[PDB]
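Chemist: Next up is a structure, given as structure tokens.
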Amino acid sequence: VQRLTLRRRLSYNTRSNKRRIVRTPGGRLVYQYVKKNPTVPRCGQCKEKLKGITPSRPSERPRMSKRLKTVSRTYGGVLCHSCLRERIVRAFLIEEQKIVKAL
Amino acid sequence: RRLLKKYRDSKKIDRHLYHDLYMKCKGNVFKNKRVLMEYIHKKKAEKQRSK
Amino acid sequence: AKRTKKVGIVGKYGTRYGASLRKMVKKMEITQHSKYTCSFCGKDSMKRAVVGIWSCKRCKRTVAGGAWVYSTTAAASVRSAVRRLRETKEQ
Amino acid sequence: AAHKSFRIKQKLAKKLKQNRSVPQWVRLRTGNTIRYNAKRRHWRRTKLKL
Amino acid sequence: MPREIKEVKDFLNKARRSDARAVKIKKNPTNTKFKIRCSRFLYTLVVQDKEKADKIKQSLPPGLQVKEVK
Amino acid sequence: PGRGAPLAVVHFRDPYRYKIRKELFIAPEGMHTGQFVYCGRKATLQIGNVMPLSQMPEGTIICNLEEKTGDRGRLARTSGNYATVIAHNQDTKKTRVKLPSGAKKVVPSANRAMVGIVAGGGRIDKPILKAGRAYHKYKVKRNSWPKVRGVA
RNA sequence: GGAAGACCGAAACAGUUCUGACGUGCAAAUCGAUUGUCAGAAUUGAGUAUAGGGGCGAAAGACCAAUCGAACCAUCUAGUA
RNA sequence: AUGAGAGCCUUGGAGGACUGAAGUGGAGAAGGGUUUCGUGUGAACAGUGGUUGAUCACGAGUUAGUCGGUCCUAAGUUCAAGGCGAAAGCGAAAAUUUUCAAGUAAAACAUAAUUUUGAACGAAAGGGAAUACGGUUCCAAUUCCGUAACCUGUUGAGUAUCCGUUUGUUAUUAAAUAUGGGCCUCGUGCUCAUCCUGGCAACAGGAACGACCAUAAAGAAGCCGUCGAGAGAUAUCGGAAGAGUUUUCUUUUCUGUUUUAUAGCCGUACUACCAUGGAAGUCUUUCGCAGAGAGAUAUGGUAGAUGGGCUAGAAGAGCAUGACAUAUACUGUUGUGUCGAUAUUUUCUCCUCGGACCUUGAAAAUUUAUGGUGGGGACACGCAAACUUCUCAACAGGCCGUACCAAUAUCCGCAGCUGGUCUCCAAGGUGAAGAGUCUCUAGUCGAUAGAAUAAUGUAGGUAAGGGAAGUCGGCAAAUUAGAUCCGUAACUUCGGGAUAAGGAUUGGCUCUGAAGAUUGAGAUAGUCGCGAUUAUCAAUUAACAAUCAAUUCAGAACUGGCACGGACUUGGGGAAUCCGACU
RNA sequence: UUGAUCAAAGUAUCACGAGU
């Protein structure tokens, strides 16, 4: 083995130095450094991950295109399709109920 | 539990001889693979014989 | 096999704290750590999340309840008793 | 070190030039009883603290 | 280089640009790679038949300064 | 973290602004998510709606009761505890409740209270059993330490 | 299957015995073997917070810069004997 | 070899050793403050010496849009005087201080529902825009040079975007991201219209009204365990190329074979959704019990890819090796760089599911989506547009830190003090093991040196016979110890006691047996000309027949002071009393 | 029943006209 002098002057084992071991072209075994893990949004009330969109960090979302961070339908990157399907037929029924109750 | 998925998916064992035979695999009573091969040369000929 | 005879769940605590102080904590470790049967879903998956907060995994209701049981018997009279006390008040 | 202020590298600049021998000529001025530099600090012998 | 191209005129397209200072070519025993230094990127066209090389070699903006390794 | 009884994140509409106004309540027992709570005077008696003491009839049990009429909820707030409405009076509107010490107070009859016994009880019935469960019990409350006996 | 202020033990943290070394030391408390703990009421850094008839204390009148049955500093002060 | 003088460290060659990857190794934090690095050198200092030196003298040396600060807020400092105090000032989670607001291209006749706190600090380990490789110095390097990228900001130029019809074109068509429609003499006439499209669905593509109010999300996370994926390493067996060794024998024993960011594309495992469908004779599936009429198994698909494979980078990049060749300089050049496979949280990272809890495990900056009323864009014979959330191009990026030590000699302990002082990387062997002994890479032999081996010592051994008689007391020492199999008492809180006790076994050599993986094997009839060419299933079928891999477990012969845990590592045990429950 | 709401619709009278 060689063993690794790190590159930055922060020597502790924090989350802000995650790191990996990579062979260079010189065959010399350095550290590259690992960024925190990008993630996919959560649902409104399912609180589970949304289908459709690539994982991101908040700094990398300004350099994206719109379809990478939402889906297509109404309440796209906000609601899961099942909750919206609930939110439609709840909202349709109660406006429907508020007619026949009011007559 | 891999031999068994080889023995459903070829055809050599019914489904009803899985949730009998999974649960005797999960549960100690099969020492080798070779004994389980010989409750399919044994518990299989009877169902053909009774048929 | 019957791994124990008496102690059951509190064998983890074993030979410490006193016999009749570990007879009592078994009451509340069998009742906590338990799947109850969900009253909205019907499928028995309702474990406790924290002290007093019970949550069911499939179809995600969270219901506030007792500290180790899911529904205390002091509450379970009152949940009925206010239902009797309401029907004599509207009418 | 390696992580110092601007004010601390400026004061440690100054204490690096006050750390000098006496010039060889001022021993020869008329009525110059400067024998040695008297207030020469030394890195392991006196620290700074000050 | 982070880019290669596939279509051949596209490689000729970027050669006639207001950036794109110089073009490098590299013979291999298998193929011959063409590389064009652009501003933000650098584009590789690789050809492997040894006869379309000098075909696409001129085919050239003449004021584009070549780099030549043989 | 530090409490004994769960809290409920109810949110209502603001009536004069366009905001959804999120509210922490002391959760009465048997309050799932997605329940409608009906906080007001013309509400009906079911747990845990809040409604003033005047409307709800004698014999009911309440929690998160108001002490002075409008002060948001002081009396009987810990897990398992409750206060029965024991009597009324139409003369000067003063309602006797019975508090968890047994001391029977005379609160006035317009202060709000949430009907039902507060969830998360009764938790004092199981031994802490260890001293590293009292260390954990108090490291999120305060430094009523290991208390040494002062005779020593 | 893999719970537990459960077990033996490494790193660490502690300091039982030798009443071993040493005892004008290597050291104004260390050296050596022997021991105690080791997944927790765990061990640690950094930023903070508490100031002297005060603080902090799982309590020994322990600790609060080799200082503690009352810190340290200057003064009253060349106190009085 | 120096030099007046050499046991040092003075150096260089042989050299025998130590540390031994939890180092006497390589780097950082705090601290130091020039000790750093060259050239010199007498005294002093270096408790011996000294030609040497962390000393002395003189010259030098720290390069950033990407590494850090700086930016955000934590605990807290609490900080407009409304207040208080003779003042100074204040054990101030203020709780009252007209607007005590943070505010908006917002209309009239104090912009409108609105915000109670002002204001600021506080983290070179938390939050956070982005860079990596090959080279280079006596001294600096993610900072310079080389080459290939990127982020933030401002600016510029292309980019849904021209219709029916008919200008091209007889029409079909073609510019045109789409037209139609009645009428009419067809229409040339009239009129009508683009804030894009696909997929049943999950969702998909190059873009495709943020200027607000509102909601949701990301930021935003502990702990312990965890199937699986890959990295890195180490490791056998193969190619190659060059070294090692030749008492004798060894197709040997060894080194080396590499591919950074950034991209493009394929891409499949895994989890969850979508469609068809309807499940008891219940089936699915994990090491683990997880699911299913609230839609299972199936068949097809979508999402995510963190995972790799290709190919750009990649100049045989460069690199590394090994041939040459050139008095030689900045040298020209040949040739290589290739297969398979096994292994562990000896280590990171990704993913999955769990577990404990009277413990339930940060906030804000910043970002993003979607929802909303009103407002803008909005002609079709087009000219275009597009804070365009697409592509491309220009330009710019200030301030401050950056050397070196990090300790048996740069720090603190008055000192070159055996003490202390936070982290990161981590080889082979045997072994359960980051243990203990030995070694490889790097690193040292510096602890004042020679002679001699008296007494007493400090430290370590052994000792006939007896075995505690010694002693306050078995203090000190001695014994036992790993592993497999047997076996286990009083008492008990039923959990333990317990490794109770008490026994047996173990080396070497040559064998045998058991445990798995991918392929199935593939009868049968004929063609072409044994070659070539064309497929169903009863059974097969346990190391079926091949091929491949793992190291554990059970035996058996033979065998030697019968010394076998041969070093190391490594409980003496039992019967009681008294105290504290236990950690 | 785990939807949704903000920012006037209508109305009347005047401005009841300006450009035309």
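In the structure tokens, chains take the letters A, B, ... in the order shown, each chain's residues start at 1, and ligands count up from 1 in the order shown.
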From a DSSP pass on the backbone, collect the residues of chain E flagged as strand (DSSP E) and hand them back as a PyMOL selection string.

Modeler: chain E and resi 3-4+22-27+32-37+42-47+65-69

Chemist: Find the spatial neighbours of residue 4 in chain B, counting only C-alpha atoms (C1' of nucleotides), within a cut-off of 10 Å - ignore same-chain residues fewer than 4 positions away - and output them as a PyMOL selection string.

Modeler: chain B and resi 8-10+12-13+17-18+21-22+25+36-37

Chemist: I need the residues of chain A that end up classed as helix (DSSP H, G or I) by DSSP on the backbone, written out as a PyMOL selection string.

Modeler: chain A and resi 66-68+81-100

Chemist: Using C1' of residue 434 in chain H and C1' of residue 11 in chain G as the two end points, give the distance in Å to one decimal.

Modeler: 9.1 Å

Chemist: Taking 6 positions as the minimum chain separation for residues in the same chain, which residues sit within 7 Å of residue 114 in chain F when counting only C-alpha atoms (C1' of nucleotides)? Answer as a short mmCIF file (atom, residue, chain, number, x, y, z; two decimals) with N, CA and C atoms, in the first residue's frame.

Modeler:
data_model
loop_
_atom_site.label_atom_id
_atom_site.label_comp_id
_atom_site.auth_asym_id
_atom_site.auth_seq_id
_atom_site.Cartn_x
_atom_site.Cartn_y
_atom_site.Cartn_z
N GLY F 48 -61.34 15.26 20.66
CA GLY F 48 -61.16 16.38 21.56
C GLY F 48 -61.50 17.74 20.96
N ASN F 49 -62.78 18.05 20.82
CA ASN F 49 -63.15 19.42 20.48
C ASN F 49 -63.00 20.30 21.69
N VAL F 50 -62.76 21.59 21.45
CA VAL F 50 -62.77 22.54 22.54
C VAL F 50 -63.99 23.41 22.36
N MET F 51 -64.48 23.88 23.45
CA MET F 51 -65.77 24.51 23.57
C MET F 51 -65.77 25.01 25.00
N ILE F 62 -62.52 16.75 30.96
CA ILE F 62 -61.86 17.72 30.09
C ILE F 62 -60.37 17.66 30.37
N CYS F 63 -59.61 18.43 29.60
CA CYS F 63 -58.16 18.54 29.70
C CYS F 63 -57.71 19.74 28.91
N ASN F 64 -56.53 20.23 29.23
CA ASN F 64 -55.97 21.48 28.70
C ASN F 64 -56.93 22.62 28.96
N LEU F 65 -57.41 22.68 30.19
CA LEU F 65 -58.45 23.61 30.56
C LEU F 65 -57.88 24.99 30.73
#

Chemist: Rounded to one decimal place, report the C1' of residue 64 in chain H-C1' of residue 134 in chain H distance in Å.

Modeler: 19.5 Å

Chemist: Output as a list in words the set of chain F residues within 6 Å of chain G, with distances taken over only C-alpha atoms (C1' of nucleotides).

Modeler: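 Result, ordered by chain then number: residues 132, 135 and 146 of chain F.
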
Chemist: Distance limit 8 Å, atoms considered: only C-alpha atoms. Which chain F residues sit that close to chain C? Return them as a ChimeraX atom specification.

Modeler: /F:4-6,27-33,44-47,57,60-61,116-117,119-123,126-127,129

Chemist: With C-alpha atoms retained, write the just-selected residues as a short mmCIF file (atom, residue, chain, number, x, y, z; two decimals), in the first residue's frame.

Modeler:
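File part22.cif, as written:
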data_model
loop_
_atom_site.label_atom_id
_atom_site.label_comp_id
_atom_site.auth_asym_id
_atom_site.auth_seq_id
_atom_site.Cartn_x
_atom_site.Cartn_y
_atom_site.Cartn_z
CA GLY F 4 -44.92 12.97 29.00
CA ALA F 5 -48.00 13.24 26.70
CA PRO F 6 -48.01 13.55 22.91
CA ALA F 27 -53.35 15.42 22.38
CA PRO F 28 -56.35 13.83 24.04
CA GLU F 29 -56.58 10.14 23.95
CA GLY F 30 -57.55 8.61 20.68
CA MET F 31 -56.69 11.30 18.20
CA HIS F 32 -55.53 9.95 14.86
CA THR F 33 -54.15 12.02 12.07
CA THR F 44 -70.50 19.54 19.80
CA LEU F 45 -69.39 17.18 22.52
CA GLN F 46 -66.88 14.75 21.12
CA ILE F 47 -63.22 14.30 21.86
CA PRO F 57 -72.79 19.20 30.31
CA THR F 60 -67.93 15.27 31.24
CA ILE F 61 -64.17 15.08 31.56
CA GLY F 116 -61.23 13.90 26.83
CA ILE F 117 -58.48 12.35 28.89
CA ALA F 119 -53.17 10.69 25.65
CA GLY F 120 -49.99 9.06 26.67
CA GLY F 121 -51.00 7.79 30.07
CA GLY F 122 -50.40 6.37 32.41
CA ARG F 123 -46.70 6.05 32.12
CA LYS F 126 -43.55 0.88 34.84
CA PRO F 127 -40.25 0.88 36.70
CA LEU F 129 -35.44 0.02 36.81
#

Chemist: Between H:35, H:147, H:172, H:194, which is the closest to chain D once you count only C-alpha atoms (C1' of nucleotides)?

Modeler: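 Once distances to chain D are computed over only C-alpha atoms (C1' of nucleotides), the minimum belongs to H:35.
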
Chemist: Excluding residue 1 in chain I and its own-chain neighbours fewer than 6 positions away, which residues fall within 12 Å of it when counting only C-alpha atoms (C1' of nucleotides)? Please give them as a list in words.

Modeler: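 Within the cut-off, the hits are residues 86, 87, 89, 90, 91, 92, 93, 94, 95 and 97 of chain A; 34, 35 and 36 of chain F.
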
Chemist: What residues in chain H lie within 12 Å of chain D, counting only C-alpha atoms (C1' of nucleotides), written as a PyMOL selection string?

Modeler: chain H and resi 28-35+45+54-57+62+68-69+124+399-406+409-412+414-416

Chemist: Do you know which residues are at most 12 Å from residue 10 in chain E counting only C-alpha atoms (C1' of nucleotides), after dropping those on the same chain fewer than 6 positions away, and could you put them as a list in words?

Modeler: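 My list of contacting residues is residues 4, 16, 17, 36, 43, 44, 45 and 56 of chain E.
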
Chemist: Using only C-alpha atoms (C1' of nucleotides), which of G:7, G:51, G:60, G:31 sits nearest residue 72 in chain G?

Modeler: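 Closest residue, counting only C-alpha atoms (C1' of nucleotides): G:51.
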
Chemist: Counting only C-alpha atoms (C1' of nucleotides), which of A:34, A:98, A:12, A:6 gets nearest to chain G?

Modeler: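 When distances to chain G are compared using only C-alpha atoms (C1' of nucleotides), the smallest one comes from A:12.
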
Chemist: Near residue 25 in chain G, within 12 Å and counting only C-alpha atoms (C1' of nucleotides), which residues show up once chain neighbours fewer than 5 positions away are dropped, as a VMD selection string?

Modeler: (chain G and resid 30 to 31) or (chain H and resid 417 to 418)

Chemist: What does the file look like for those residues with N, CA and C atoms (P, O5', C5', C4', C3', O3' and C1' of nucleotides), as a PDB file, in the first residue's frame?

Modeler:
ATOM      1  P     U G  30       2.098  10.654  37.430  1.00  0.00           P
ATOM      2  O5'   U G  30       3.294  10.168  36.551  1.00  0.00           O
ATOM      3  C5'   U G  30       4.189  11.051  35.936  1.00  0.00           C
ATOM      4  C4'   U G  30       5.563  10.460  35.896  1.00  0.00           C
ATOM      5  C3'   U G  30       5.669   9.006  35.587  1.00  0.00           C
ATOM      6  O3'   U G  30       5.613   8.695  34.216  1.00  0.00           O
ATOM      7  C1'   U G  30       6.903   9.476  37.455  1.00  0.00           C
ATOM      8  P     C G  31       5.276   7.226  33.750  1.00  0.00           P
ATOM      9  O5'   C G  31       6.491   6.335  34.175  1.00  0.00           O
ATOM     10  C5'   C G  31       7.501   5.994  33.267  1.00  0.00           C
ATOM     11  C4'   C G  31       8.408   5.001  33.891  1.00  0.00           C
ATOM     12  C3'   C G  31       7.853   3.613  34.027  1.00  0.00           C
ATOM     13  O3'   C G  31       7.822   2.802  32.884  1.00  0.00           O
ATOM     14  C1'   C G  31       8.740   4.247  36.059  1.00  0.00           C
TER      15        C G  31
ATOM     16  P     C H 417      13.957  16.948  26.262  1.00  0.00           P
ATOM     17  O5'   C H 417      13.950  17.317  27.803  1.00  0.00           O
ATOM     18  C5'   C H 417      14.797  16.686  28.748  1.00  0.00           C
ATOM     19  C4'   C H 417      14.038  16.029  29.858  1.00  0.00           C
ATOM     20  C3'   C H 417      12.768  15.336  29.438  1.00  0.00           C
ATOM     21  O3'   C H 417      12.665  14.060  30.039  1.00  0.00           O
ATOM     22  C1'   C H 417      12.338  16.784  31.262  1.00  0.00           C
ATOM     23  P     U H 418      13.709  12.876  29.889  1.00  0.00           P
ATOM     24  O5'   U H 418      12.792  11.740  29.361  1.00  0.00           O
ATOM     25  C5'   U H 418      11.405  11.901  29.531  1.00  0.00           C
ATOM     26  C4'   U H 418      10.643  10.727  29.064  1.00  0.00           C
ATOM     27  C3'   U H 418       9.320  10.546  29.735  1.00  0.00           C
ATOM     28  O3'   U H 418       8.583   9.675  28.930  1.00  0.00           O
ATOM     29  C1'   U H 418      10.642   8.792  30.261  1.00  0.00           C
TER      30        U H 418
END
